[PDB]
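Enquirer: Mind having a look at this structure? Questions to follow.
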Amino acid sequence: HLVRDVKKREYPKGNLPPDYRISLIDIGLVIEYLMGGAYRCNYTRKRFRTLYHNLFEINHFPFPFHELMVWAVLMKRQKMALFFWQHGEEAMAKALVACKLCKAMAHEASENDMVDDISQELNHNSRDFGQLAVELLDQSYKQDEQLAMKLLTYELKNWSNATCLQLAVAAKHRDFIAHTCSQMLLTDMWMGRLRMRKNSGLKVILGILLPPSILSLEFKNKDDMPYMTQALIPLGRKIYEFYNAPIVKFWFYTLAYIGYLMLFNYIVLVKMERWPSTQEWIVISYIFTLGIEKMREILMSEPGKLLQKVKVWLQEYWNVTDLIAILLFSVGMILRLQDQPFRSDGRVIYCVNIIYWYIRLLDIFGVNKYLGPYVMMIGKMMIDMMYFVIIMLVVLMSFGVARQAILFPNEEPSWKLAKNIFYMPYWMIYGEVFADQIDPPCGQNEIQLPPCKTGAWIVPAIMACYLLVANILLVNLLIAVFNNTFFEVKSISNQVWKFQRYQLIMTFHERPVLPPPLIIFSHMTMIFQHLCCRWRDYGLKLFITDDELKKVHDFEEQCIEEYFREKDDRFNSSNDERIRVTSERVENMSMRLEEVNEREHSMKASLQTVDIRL
Amino acid sequence: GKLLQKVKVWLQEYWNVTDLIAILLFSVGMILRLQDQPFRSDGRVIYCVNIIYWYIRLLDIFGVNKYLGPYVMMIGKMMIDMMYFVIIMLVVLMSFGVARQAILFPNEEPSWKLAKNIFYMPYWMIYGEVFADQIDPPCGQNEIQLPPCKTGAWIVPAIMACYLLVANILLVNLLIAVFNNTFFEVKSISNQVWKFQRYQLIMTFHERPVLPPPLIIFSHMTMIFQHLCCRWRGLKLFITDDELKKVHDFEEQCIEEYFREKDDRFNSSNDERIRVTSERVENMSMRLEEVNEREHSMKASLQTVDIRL
Ligand SMILES: CC(C)CCC[C@@H](C)[C@H]1CC[C@H]2[C@@H]3CC=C4C[C@@H](OC(=O)CCC(=O)O)CC[C@]4(C)[C@H]3CC[C@]12C
Ligand SMILES: CC(C)CCC[C@@H](C)[C@H]1CC[C@H]2[C@@H]3CC=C4C[C@@H](OC(=O)CCC(=O)O)CC[C@]4(C)[C@H]3CC[C@]12C
Ligand SMILES: CC(C)CCC[C@@H](C)[C@H]1CC[C@H]2[C@@H]3CC=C4C[C@@H](OC(=O)CCC(=O)O)CC[C@]4(C)[C@H]3CC[C@]12C
Ligand SMILES: CC(C)CCC[C@@H](C)[C@H]1CC[C@H]2[C@@H]3CC=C4C[C@@H](OC(=O)CCC(=O)O)CC[C@]4(C)[C@H]3CC[C@]12C
Ligand SMILES: CC(C)CCC[C@@H](C)[C@H]1CC[C@H]2[C@@H]3CC=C4C[C@@H](OC(=O)CCC(=O)O)CC[C@]4(C)[C@H]3CC[C@]12C
Ligand SMILES: CC(C)CCC[C@@H](C)[C@H]1CC[C@H]2[C@@H]3CC=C4C[C@@H](OC(=O)CCC(=O)O)CC[C@]4(C)[C@H]3CC[C@]12C
Ligand SMILES: CC(C)CCC[C@@H](C)[C@H]1CC[C@H]2[C@@H]3CC=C4C[C@@H](OC(=O)CCC(=O)O)CC[C@]4(C)[C@H]3CC[C@]12C
Ligand SMILES: CC(C)CCC[C@@H](C)[C@H]1CC[C@H]2[C@@H]3CC=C4C[C@@H](OC(=O)CCC(=O)O)CC[C@]4(C)[C@H]3CC[C@]12C
Ligand SMILES: CC(C)CCC[C@@H](C)[C@H]1CC[C@H]2[C@@H]3CC=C4C[C@@H](OC(=O)CCC(=O)O)CC[C@]4(C)[C@H]3CC[C@]12C
Ligand SMILES: CC(C)CCC[C@@H](C)[C@H]1CC[C@H]2[C@@H]3CC=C4C[C@@H](OC(=O)CCC(=O)O)CC[C@]4(C)[C@H]3CC[C@]12C
Ligand SMILES: CCC1(c2ccccc2)C(=O)NCNC1=O
């Protein structure tokens, strides 16, 4: 099923004839499609294409097990694949790749409507291989924490030059990106080349606001852990390593967002004249220079097809709601630069972006380890709040239509009838019963009150039923929902926060130095450098040597051997297996001891016969 | 011994710190009140600020009772969850307030009352006052000619609706859930911490003077006079050496019985019983195989010797 899809999508054939002898080149194209992204497998590298063309001790694969694992995972031979995982090397890479392969064959088989037993069992094998990765990583963390880092970040040349961090995030395997080893390593990329492991927020902000405070900060050495993408003199390196550190580039974009948001408030509370004010020109700068940055994230993303780059970008929901608000603020500008009333309406459009850009402070707030899980808590409870909104919408419009029609009989077609359905009953949920208009005094002589509309006594009574259902039934049931969905959403949103930290370090490592209002200088540097170097890759890898590659390898088979050894020891000392082994040995006692008694019967009988003959 | 270390140990107790702060502000209020106007009203204002603190302290006063004290520590532990709610609600409140003030009043001038109108109306909106006359005021019509509707003023009831839904229904109920799931943990910790702070309670009131604060100046002058005249001219039991011998022997009895009862629980837990039985049964299998081989040889030798006889 896979080989038909990768050949039909390459050169549109259709159903390939079943006699097709699927080449290792063709297997390589299956591997790239299931992996996704920029993974370009060693089969379809241009050297092995030459080798297959020139052949159909340079025939044996240097590390055969790696190719066997991929062979057994693609053909669903699970017990064979788990034996291949133990016997070998780069096992951390092998388990995380097999976790992504098993998940990728899972949704492909469900898409092709292959039988459900295929899709369930491939998702079971994905959880098995992913669980072996956590239990190997934990065992590496117990022995030597520093060598576990090198295992997590070294450049996996046999797996399209990725690292074990990138492979797990691509596999969305949340527990691997939430273990203590990965989080304290992601902290090390966050602080960058700074060793300021204390009161981190205050010292970095004082470095930004007062640039002389950078010189009093403790910086790590040049060989502690060089996480990098592609491979007076103190004081210049001190400023450069500070103003490239990802935690520095965060708070320097954050004090420019808080500086933007403080400025835009001033232009809309205070009047706007015909031409833009000095404050408003800094605002207009911030939106468009951000729009160039949001454009940059699309073009310099992972895929190659422009539409596939766009599809990667639409996945992040905070990124797409940036560009909608940027285009909305542009529309608000062009109207604002015209004569009123066009200006008045572009004033209004400006104030509606305020509804968005304070809510984007929620995402900036997500960096903190306490407010961050609180924010993802809010998003999950709103799905429960939508069901509250639908049930409330029936009860609100049932009171609203009944009140507007009984109290106001002889009305005419107007859209204000629709407003009066939703106006008064909606504010009754929030503490205002509109007490003067509950039961207005009618049909009496105060002056002379107007005559009572027929059936107006029903309006207090259906008010009573509506306020009981709204405020003591459905709001109270929403409280009961929110408690009993709070625990599991808490446990999920901590681990999802710890998993989306990886996105947060890696994007800010790729964002420019200067803030959004000054990003036009760095953006001109990138455009000029790309054009001039033409005339004349992602992630932070450790890029290790060869003799350290051997050593990091030897650390890892000892972790495979010790993991499997403690698994055999825990099984052979668990109470379940001790009762089993005791019971089976006692069963083999009973045939034995009964045989001893029958033979001692013949021995005592032969002793009696010899006693007769002696 | 050092004065700064004395100050730091004293500054560990937070109530003590806020006491010294409140006494300094009451001193400042006294000085401004014993001057003349326009300073006497300011000293009165400082006095009325200080009564808020001297009323809250009642919670520390109430912290001796077995039921109220842990409740006060519970309130203190849920303040942090409220602080997170405060930040989130502040973001939503400022969004509605800025949108309201900028849309409804479009020709204002630089003034600090803009910041008041940002925060005033949305904040009282959370506590059951929707300010019904100013939700959608009638405009753009004659009934007297009402002033023309500001452009986009229809948005204000809609962002009102969304703000009140995300204020009174979402965040408050989420804080109910947050307080409600963490109540058990905070309860257990607050009872244990209250039982711990009772030591500081007894200790401090053992060392405090007898006369009340309004008459502690007599005990304080007695203390300074006693310190001078005697310079010139915890609660322990101080047991005898015999009783030291008895409490010592009591303590080896408890240490022995502790280790012995631990070894009994280890050698009567189901885990060790199953382990020990399994090891014995393994040795039994080797030995019964040996007895089988030997007695088979013995039966064969008995048959051969019976052939001999
Ligand atoms: C780093 C983060 C935490 C804060 C960065 C933002 C502030 C430094 C900015 C944002 C809003 C700015 C204010 C916006 C508007 C004005 C009015 C402006 O006055 C006028 O335009 C008319 C009178 C005159 O010309 O002085 C004087 C500067 C001031 C106070 C600005 C001072 C600088 C402020 C506080
Ligand atoms: C780049 C932003 C996002 C963050 C950094 C904030 C500051 C660099 C900005 C924010 C507010 C700005 C101020 C806003 C308004 C004014 C008034 C302006 O006054 C005049 O031009 C007076 C004469 C005239 O009216 O033409 C002088 C610049 C100044 C102080 C600006 C200086 C630069 C400030 C402090
Ligand atoms: C003044 C009035 C108009 C109030 C404004 C109401 C809305 C415009 C805001 C208020 C709260 C916001 C929500 C707060 C929390 C979240 C979770 C967050 O989403 C995520 O983190 C993605 C994962 C997830 O949804 O759990 C950002 C979107 C969302 C739904 C926000 C969407 C926009 C909302 C509904
Ligand atoms: C069940 C709950 C969760 C949602 C249902 C409530 C909303 C859909 C309602 C309640 C208040 C309504 C608003 C109340 C008042 C107005 C003003 C109205 O504008 C005018 O009447 C023009 C100005 C004027 O004539 O005074 C336009 C509709 C609107 C925004 C209404 C739109 C629909 C709203 C937001
Ligand atoms: C399942 C639930 C969501 C149903 C809710 C339906 C009502 C909210 C809708 C459906 C039909 C609507 C009516 C359809 C037609 C008209 C005529 C319309 O008249 C005009 O616009 C004036 C015509 C002119 O003079 O040009 C005013 C709104 C009104 C009463 C509408 C008011 C709102 C109504 C009752
Ligand atoms: C289904 C849930 C999740 C969302 C709620 C959707 C509806 C209940 C809202 C969305 C759009 C609203 C409408 C948007 C605009 C108007 C025009 C508005 O017209 C006026 O106020 C005319 C001016 C006047 O004379 O007063 C009357 C309310 C109405 C129909 C609103 C009624 C309530 C609607 C249908
Ligand atoms: C009239 C207006 C100004 C309202 C006043 C509100 C606050 C001044 C009060 C109300 C409840 C008080 C809280 C109630 C409970 C506690 C626990 C208590 O803390 C402890 O006992 C732990 C600290 C220690 O004793 O070492 C005293 C602080 C605190 C947070 C209090 C701090 C002051 C608060 C917030
Ligand atoms: C849960 C969190 C988000 C609450 C945060 C709300 C506060 C930051 C706001 C809400 C109401 C505000 C107050 C509303 C009114 C006033 C009166 C104002 O006094 C004057 O303007 C003096 C002259 C006059 O009274 O007209 C000074 C600011 C103050 C205390 C405001 C200070 C800031 C407050 C306390
Ligand atoms: C980004 C979030 C977290 C905080 C947003 C804070 C705003 C509510 C503050 C910060 C900048 C403030 C402005 C900074 C400068 C001024 C000028 C100031 O003008 C004067 O003081 C002139 C003399 C006078 O009229 O008193 C009036 C307040 C105002 C508009 C401030 C109003 C309130 C603002 C917008
Ligand atoms: C964790 C939470 C509780 C922190 C909340 C901090 C801010 C939201 C508060 C604290 C101090 C407040 C300020 C204290 C005093 C004033 C002066 C006040 O000025 C006036 O009212 C001037 C007189 C007039 O009304 O014209 C306007 C609100 C403002 C800026 C307040 C706005 C809201 C502030 C910044
Ligand atoms: C506009 C907000 C922001 C930002 C700032 C801090 C954290 C996350 C995002 C920015 O200032 N420029 C780059 N991207 C962005 O959207």
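Residues are named by chain letter and number: chains run A, B, ... in the order of the structure tokens, numbers start at 1 in each chain, and ligands are numbered from 1 in the order shown.
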Counting only C-alpha atoms and all ligand atoms, which residues of chain B sit at most 7 Å from some atom of ligand 10, and what is each one's closest atom pair with its distance in Å to one decimal, listed by chain and rising residue number, as a Markdown table?
Expert:
| residue | atom | partner | partner_atom_place_in_ligand_line | distance |
| --- | --- | --- | --- | --- |
| B:83 | CA | ligand 10 | 1 (C) | 6.2 |
| B:86 | CA | ligand 10 | 2 (C) | 6.3 |
| B:87 | CA | ligand 10 | 1 (C) | 6.2 |
| B:111 | CA | ligand 10 | 26 (O) | 6.3 |
| B:112 | CA | ligand 10 | 26 (O) | 4.6 |
| B:113 | CA | ligand 10 | 26 (O) | 3.5 |
| B:115 | CA | ligand 10 | 27 (C) | 4.9 |
| B:116 | CA | ligand 10 | 27 (C) | 4.8 |
Enquirer: Could you give me the residues within 12 Å of ligand 8, counting only C-alpha atoms and all ligand atoms, as a VMD selection string?
Expert: chain B and resid 79 81 to 95 97 111 to 127 167 171 to 172
Enquirer: Keeping N, CA, C and O atoms for every residue in the selection just given, could you write it to a file as a short mmCIF file (atom, residue, chain, number, x, y, z; two decimals), in the first residue's frame?
Expert:
data_model
loop_
_atom_site.label_atom_id
_atom_site.label_comp_id
_atom_site.auth_asym_id
_atom_site.auth_seq_id
_atom_site.Cartn_x
_atom_site.Cartn_y
_atom_site.Cartn_z
N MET B 79 -3.97 32.51 48.15
CA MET B 79 -3.64 33.82 47.57
C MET B 79 -2.80 33.73 46.29
O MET B 79 -2.92 34.60 45.42
N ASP B 81 -2.82 31.29 43.88
CA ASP B 81 -3.74 30.94 42.81
C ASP B 81 -4.61 32.14 42.43
O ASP B 81 -4.87 32.38 41.23
N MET B 82 -5.02 32.92 43.43
CA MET B 82 -5.71 34.17 43.11
C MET B 82 -4.81 35.16 42.38
O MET B 82 -5.28 35.86 41.48
N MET B 83 -3.51 35.22 42.71
CA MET B 83 -2.60 36.13 42.00
C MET B 83 -2.50 35.79 40.52
O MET B 83 -2.48 36.68 39.66
N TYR B 84 -2.48 34.49 40.21
CA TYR B 84 -2.52 34.05 38.82
C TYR B 84 -3.83 34.45 38.14
O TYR B 84 -3.83 34.96 37.00
N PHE B 85 -4.95 34.28 38.86
CA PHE B 85 -6.25 34.75 38.37
C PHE B 85 -6.26 36.27 38.17
O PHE B 85 -6.89 36.78 37.25
N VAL B 86 -5.56 36.99 39.05
CA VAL B 86 -5.50 38.46 39.00
C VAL B 86 -4.79 38.92 37.74
O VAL B 86 -5.25 39.83 37.05
N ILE B 87 -3.67 38.26 37.40
CA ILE B 87 -2.94 38.60 36.18
C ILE B 87 -3.80 38.33 34.94
O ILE B 87 -3.91 39.18 34.03
N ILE B 88 -4.48 37.17 34.92
CA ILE B 88 -5.27 36.78 33.74
C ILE B 88 -6.47 37.72 33.57
O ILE B 88 -6.75 38.25 32.47
N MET B 89 -7.16 38.00 34.69
CA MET B 89 -8.31 38.89 34.71
C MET B 89 -7.91 40.32 34.40
O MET B 89 -8.69 41.08 33.83
N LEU B 90 -6.69 40.71 34.78
CA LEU B 90 -6.18 42.04 34.46
C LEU B 90 -6.01 42.21 32.96
O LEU B 90 -6.35 43.27 32.42
N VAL B 91 -5.50 41.17 32.28
CA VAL B 91 -5.37 41.22 30.82
C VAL B 91 -6.73 41.40 30.16
O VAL B 91 -6.92 42.30 29.32
N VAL B 92 -7.72 40.60 30.57
CA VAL B 92 -9.04 40.66 29.94
C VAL B 92 -9.75 41.99 30.27
O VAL B 92 -10.40 42.61 29.41
N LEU B 93 -9.59 42.45 31.51
CA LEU B 93 -10.21 43.69 31.98
C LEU B 93 -9.66 44.90 31.25
O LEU B 93 -10.41 45.79 30.84
N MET B 94 -8.33 44.95 31.06
CA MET B 94 -7.74 46.07 30.33
C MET B 94 -8.12 46.04 28.86
O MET B 94 -8.27 47.11 28.26
N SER B 95 -8.29 44.85 28.27
CA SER B 95 -8.72 44.80 26.87
C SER B 95 -10.11 45.39 26.70
O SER B 95 -10.32 46.26 25.83
N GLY B 97 -11.69 47.47 28.81
CA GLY B 97 -11.66 48.86 29.22
C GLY B 97 -11.07 49.81 28.20
O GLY B 97 -11.63 50.88 27.95
N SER B 111 -4.82 62.97 29.56
CA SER B 111 -5.22 63.15 30.95
C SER B 111 -5.16 61.79 31.63
O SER B 111 -5.28 60.75 30.98
N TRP B 112 -5.00 61.82 32.95
CA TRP B 112 -4.88 60.58 33.72
C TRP B 112 -6.24 59.98 34.06
O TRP B 112 -6.29 58.87 34.60
N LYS B 113 -7.34 60.69 33.77
CA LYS B 113 -8.67 60.14 33.99
C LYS B 113 -9.01 59.08 32.96
O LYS B 113 -9.94 58.29 33.16
N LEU B 114 -8.28 59.07 31.84
CA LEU B 114 -8.38 58.00 30.86
C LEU B 114 -8.03 56.65 31.48
O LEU B 114 -8.74 55.66 31.25
N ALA B 115 -6.98 56.61 32.29
CA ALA B 115 -6.56 55.40 32.99
C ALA B 115 -7.57 54.98 34.05
O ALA B 115 -7.73 53.79 34.31
N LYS B 116 -8.23 55.95 34.68
CA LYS B 116 -9.30 55.64 35.62
C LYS B 116 -10.48 55.01 34.89
O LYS B 116 -11.09 54.06 35.38
N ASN B 117 -10.83 55.55 33.72
CA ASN B 117 -11.98 55.04 32.98
C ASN B 117 -11.66 53.71 32.30
O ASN B 117 -12.57 52.99 31.88
N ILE B 118 -10.37 53.40 32.14
CA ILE B 118 -9.96 52.06 31.71
C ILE B 118 -10.40 51.01 32.73
O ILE B 118 -11.04 50.01 32.38
N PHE B 119 -10.09 51.25 34.01
CA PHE B 119 -10.20 50.24 35.05
C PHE B 119 -11.47 50.29 35.87
O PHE B 119 -11.82 49.28 36.47
N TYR B 120 -12.15 51.44 35.93
CA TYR B 120 -13.30 51.64 36.81
C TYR B 120 -14.45 50.71 36.51
O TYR B 120 -14.72 49.77 37.28
N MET B 121 -15.08 50.90 35.36
CA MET B 121 -16.34 50.28 34.98
C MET B 121 -16.19 48.75 34.82
O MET B 121 -16.98 48.01 35.43
N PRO B 122 -15.13 48.21 34.05
CA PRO B 122 -15.02 46.74 33.94
C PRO B 122 -14.77 46.02 35.25
O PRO B 122 -15.09 44.84 35.38
N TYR B 123 -14.17 46.70 36.23
CA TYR B 123 -13.83 46.00 37.46
C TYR B 123 -15.06 45.79 38.33
O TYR B 123 -15.22 44.74 38.96
N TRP B 124 -15.97 46.77 38.37
CA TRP B 124 -17.18 46.58 39.15
C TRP B 124 -18.15 45.70 38.37
O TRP B 124 -19.15 45.23 38.93
N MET B 125 -17.89 45.49 37.07
CA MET B 125 -18.74 44.60 36.29
C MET B 125 -18.67 43.15 36.75
O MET B 125 -19.63 42.40 36.58
N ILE B 126 -17.57 42.74 37.42
CA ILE B 126 -17.38 41.35 37.83
C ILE B 126 -18.21 41.02 39.07
O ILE B 126 -18.50 39.84 39.33
N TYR B 127 -18.64 42.03 39.82
CA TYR B 127 -19.27 41.85 41.12
C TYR B 127 -20.77 42.11 41.09
O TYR B 127 -21.35 42.46 42.13
N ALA B 167 -15.39 36.64 32.04
CA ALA B 167 -15.07 37.16 33.36
C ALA B 167 -15.84 36.44 34.46
O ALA B 167 -15.23 35.92 35.41
N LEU B 171 -13.40 32.47 34.21
CA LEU B 171 -12.24 32.59 35.09
C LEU B 171 -12.60 32.38 36.56
O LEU B 171 -11.81 31.81 37.32
N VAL B 172 -13.78 32.85 36.98
CA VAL B 172 -14.19 32.70 38.37
C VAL B 172 -14.48 31.23 38.68
O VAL B 172 -14.08 30.70 39.73
#
Enquirer: Select the residues contacting ligand 4 at a distance of at most 6 Å, based on only C-alpha atoms and all ligand atoms, then format the selection as an mmCIF file with N, CA, C and O atoms, in the first residue's frame.
Expert:
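So the final result, stored in part_19.cif, reads:
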data_model
loop_
_atom_site.group_PDB
_atom_site.id
_atom_site.type_symbol
_atom_site.label_atom_id
_atom_site.label_comp_id
_atom_site.auth_asym_id
_atom_site.auth_seq_id
_atom_site.Cartn_x
_atom_site.Cartn_y
_atom_site.Cartn_z
ATOM 1 N N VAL A 389 -22.847 27.204 26.293
ATOM 2 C CA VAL A 389 -23.358 28.328 25.506
ATOM 3 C C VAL A 389 -24.553 27.897 24.659
ATOM 4 O O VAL A 389 -25.536 28.632 24.537
ATOM 5 N N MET A 392 -27.555 27.286 27.093
ATOM 6 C CA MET A 392 -27.997 28.623 27.493
ATOM 7 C C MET A 392 -28.670 29.394 26.365
ATOM 8 O O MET A 392 -29.539 30.224 26.631
ATOM 9 N N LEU A 393 -28.300 29.137 25.109
ATOM 10 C CA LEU A 393 -28.845 29.921 24.003
ATOM 11 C C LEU A 393 -30.307 29.582 23.754
ATOM 12 O O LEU A 393 -31.098 30.445 23.367
ATOM 13 N N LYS A 419 -32.841 42.310 18.474
ATOM 14 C CA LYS A 419 -31.971 42.805 19.535
ATOM 15 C C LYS A 419 -32.628 42.633 20.898
ATOM 16 O O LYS A 419 -31.970 42.231 21.857
ATOM 17 N N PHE A 422 -32.182 39.234 22.664
ATOM 18 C CA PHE A 422 -30.878 38.936 23.229
ATOM 19 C C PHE A 422 -30.397 39.972 24.234
ATOM 20 O O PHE A 422 -29.448 39.694 24.967
ATOM 21 N N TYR A 423 -31.024 41.146 24.298
ATOM 22 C CA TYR A 423 -30.522 42.228 25.137
ATOM 23 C C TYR A 423 -30.746 42.002 26.619
ATOM 24 O O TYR A 423 -29.797 41.688 27.339
ATOM 25 N N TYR A 426 -29.885 38.373 28.527
ATOM 26 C CA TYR A 426 -28.475 38.008 28.626
ATOM 27 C C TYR A 426 -27.810 38.658 29.838
ATOM 28 O O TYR A 426 -26.967 38.037 30.494
ATOM 29 N N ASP B 136 -26.046 50.078 26.330
ATOM 30 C CA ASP B 136 -26.291 50.645 25.007
ATOM 31 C C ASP B 136 -27.213 51.834 25.215
ATOM 32 O O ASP B 136 -28.442 51.696 25.177
ATOM 33 N N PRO B 138 -29.403 55.048 24.428
ATOM 34 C CA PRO B 138 -30.069 55.495 23.199
ATOM 35 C C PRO B 138 -29.426 56.762 22.652
ATOM 36 O O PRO B 138 -29.215 57.740 23.375
ATOM 37 N N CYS B 139 -29.086 56.722 21.367
ATOM 38 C CA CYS B 139 -28.419 57.827 20.697
ATOM 39 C C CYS B 139 -28.978 57.950 19.286
ATOM 40 O O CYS B 139 -29.734 57.093 18.821
ATOM 41 N N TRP B 154 -21.830 50.226 18.511
ATOM 42 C CA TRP B 154 -22.546 48.960 18.624
ATOM 43 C C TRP B 154 -21.629 47.816 19.038
ATOM 44 O O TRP B 154 -22.119 46.775 19.485
ATOM 45 N N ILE B 155 -20.313 47.984 18.885
ATOM 46 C CA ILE B 155 -19.364 46.946 19.277
ATOM 47 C C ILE B 155 -19.303 46.818 20.796
ATOM 48 O O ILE B 155 -19.066 45.726 21.324
ATOM 49 N N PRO B 157 -21.610 46.794 23.371
ATOM 50 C CA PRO B 157 -22.362 45.674 23.983
ATOM 51 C C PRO B 157 -21.849 44.278 23.631
ATOM 52 O O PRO B 157 -21.971 43.362 24.451
ATOM 53 N N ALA B 158 -21.254 44.086 22.450
ATOM 54 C CA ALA B 158 -20.746 42.766 22.074
ATOM 55 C C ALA B 158 -19.471 42.405 22.843
ATOM 56 O O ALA B 158 -19.334 41.281 23.349
ATOM 57 N N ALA B 161 -20.460 41.618 26.187
ATOM 58 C CA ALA B 161 -20.982 40.252 26.317
ATOM 59 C C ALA B 161 -19.853 39.240 26.445
ATOM 60 O O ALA B 161 -19.866 38.368 27.328
#
Enquirer: Between A:601, A:271, A:173, A:7, which has the minimum distance to chain B (counting only C-alpha atoms)?
Expert: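 Residue with the minimum atom-to-atom distance to chain B: A:271.
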Enquirer: Please produce, as JSON lines, a per-residue contact table for chain A versus ligand 2 (criterion: any atom at most 6 Å away, only C-alpha atoms and all ligand atoms considered), showing the nearest atom pair and its distance in Å to one decimal, sorted by chain then residue number.
Expert:
{"residue": "A:256", "atom": "CA", "partner": "ligand 2", "partner_atom_place_in_ligand_line": "3 (C)", "distance": 5.0}
{"residue": "A:259", "atom": "CA", "partner": "ligand 2", "partner_atom_place_in_ligand_line": "4 (C)", "distance": 4.6}
{"residue": "A:260", "atom": "CA", "partner": "ligand 2", "partner_atom_place_in_ligand_line": "3 (C)", "distance": 4.4}
{"residue": "A:278", "atom": "CA", "partner": "ligand 2", "partner_atom_place_in_ligand_line": "15 (C)", "distance": 5.9}
{"residue": "A:279", "atom": "CA", "partner": "ligand 2", "partner_atom_place_in_ligand_line": "14 (C)", "distance": 5.1}
{"residue": "A:517", "atom": "CA", "partner": "ligand 2", "partner_atom_place_in_ligand_line": "1 (C)", "distance": 5.4}
Enquirer: Using only C-alpha atoms and all ligand atoms, determine which residues fall within 6 Å of ligand 3, then list them as JSON, numbers by chain.
Expert: {"A": [355, 375, 376, 378, 379, 380], "B": [95, 96, 159, 162, 163]}
Enquirer: With distances taken over only C-alpha atoms, which residue among A:242, A:154, A:219, A:427 lies nearest chain B?
Expert: A:427
Enquirer: With a distance cut-off of 10 Å and only C-alpha atoms, select the neighbouring residues of residue A:366, excluding the residue or stretch itself and same-chain residues fewer than 2 positions from it, and output the selection as a ChimeraX atom specification.
Expert: /A:361-364,368-376,497,500-501,504
